[PDB]
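**Q** Residue numbers (the entry's author numbering): 1 to 36.
What follows is a single structure, and I will ask about it in a moment.
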């Protein structure tokens with residue numbers, strides 16, 4: 001059982017705790033969708 005964060009959710013660059021396939025930018029300090 002886990003609870004991840006969605007998109008544009010509050011998060012930090014060091015403690016980035018957002019769902020997978022995402023990214024935490026320090027710019028806005030939120031979650032963003034990223035694909036490699």
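The C-beta atom is built at its ideal place from N, Cα and C for all residues, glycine as well.
#1: Return the CA-CA distance between residue 7 and residue 31, expressed in angstroms with no decimal places.
#2: Please say whether residue 1 and residue 13 have beta carbons closer to each other than 9 Å?
#3: Between residue 4 and residue 29, what straight-line distance do the alpha-carbon atoms span, to the nearest angstrom?
#4: Hey, residue 33 and residue 21: beta-carbon distance below 9 Å or not?
#5: By Cβ distance, which residues of its chain are closer than 7 Å to residue 9, with the 5 residues on each side in sequence left out?
**A** Here's the rundown:
#1: 5 Å
#2: no
#3: 15 Å
#4: yes
#5: 18, 30, 31
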